[PDB]
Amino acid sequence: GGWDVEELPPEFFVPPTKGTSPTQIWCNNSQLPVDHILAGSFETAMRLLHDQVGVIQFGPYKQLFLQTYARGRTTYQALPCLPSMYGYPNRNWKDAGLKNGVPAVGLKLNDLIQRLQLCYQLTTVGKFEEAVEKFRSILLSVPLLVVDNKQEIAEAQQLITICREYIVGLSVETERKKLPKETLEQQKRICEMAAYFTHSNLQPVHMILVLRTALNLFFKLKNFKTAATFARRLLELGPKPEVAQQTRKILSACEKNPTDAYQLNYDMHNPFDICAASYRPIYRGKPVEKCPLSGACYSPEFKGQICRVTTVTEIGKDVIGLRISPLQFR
């Protein structure tokens, strides 16, 4: 054969023309929305969010966008009295070169998991409006992650699920508290909502409070057969002693008369999802339209509308799926 040699050698004052800016290099090398927001390319970032996760109402993103934009580039003076320089810090800075750079990571997944705890505390002390706000911020923040491996993509998706569960649950409870309790029929509706809240997947400390609420309401209704099962599930989560005792007392009173007084719209042995807009159950086989980012379930009347949970997505739009890692572009 041969070696490593056996190309083409080619053929006033003019001001030079600009090269590509480092933010454009960013947009070229990345399909993740946060990188485009760091670059100042809001429109291509919005395109990515719309196609990947279904955002159409971007208003509630303004804070996240602007603040993200503000962390994108550093600045330093060169010669005195002249406009300052910008620096464009890259996450791959060891080997970015001129053409391959992609911006530093400013929001890490564990920052968000840490904010979860303040959400949980807010919920526990009962500040539902403020917990929902903090939860929604985590939810909308998740598509701005940059994330290394497949397990972190999994965790981020679980995080979105957690924020959703809490948002729809607290939304249900907040609406139940706004409803009148005069009519018997009005009270039946309130109990229904408390029973739906029971089927949210929260942390045991919070599911104990929702079962306590449901147990009280179904006991006043004299639906002792369903109330008894709420009591048994609450006892099985292992509440604090005083609540366990009050609960055992209510349970033996339910079993000394195990009859439900009214037929409510709540199936105990039948899985459903809670319509996040009308707060009625959608039973496991029936038609449902979903939020493409959070997984909020909606009755089909609402397809095309703005998801009550995320507040920025289109119900039922088909989308690529969340993208928050280089992995997802093989």
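For every residue, the number given is its place in the sequence shown, counted from 1.
Asker: Check the entry and tell me how many residues of the deposited sequence have no coordinates between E6 and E7: none, 1 to 3, 4 to 9, or 10 or more.
Answerer: Missing in between: 1 to 3 residues.
Asker: Tell me which stretch, 60 to 68 or 261 to 269, has the higher mean Cα B-factor listed in the entry.
Answerer: Looking at the record's C-alpha B-factors, the answer is 261 to 269.
Asker: Return whichever of 297 to 305 and 39 to 47 has the greater mean Cα B factor according to the PDB record.
Answerer: Higher of the two, by average CA B-factor, is 297 to 305.
Asker: Using only the C-alpha B-factors in the record, can you name which of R73, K94, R164, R189 has the highest?
Answerer: Answer, based on the entry's C-alpha B-factors: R189.
Asker: Looking at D111, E155, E182, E133, which has the biggest Cα B factor in the entry?
Answerer: If I rank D111, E155, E182, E133 by C-alpha B-factor, first place goes to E182.
Asker: Hey, what third does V319 fall into on Cα B-factor, ranked over its chain?
Answerer: It belongs to the middle third of the chain when residues are ordered by C-alpha B-factor.
Asker: Taking the entry's C-alpha B-factors for this chain, is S200 in the lowest, middle or highest third?
Answerer: CA B-factor rank for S200: lowest third.
Asker: Which third, lowest, middle or highest, does the C-alpha temperature factor of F218 belong to within its own chain?
Answerer: Within its chain, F218 is a middle-third residue by C-alpha B-factor, going by the deposited values.
Asker: For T123, return the chain-relative third of its C-alpha B-factor as stated in the PDB record: lowest, middle or highest.
Answerer: It falls in the middle third of the chain.
Asker: Taking the values exactly as deposited, rank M85 by C-alpha B-factor within its chain and report the matching third: lowest, middle or highest.
Answerer: Lowest third.
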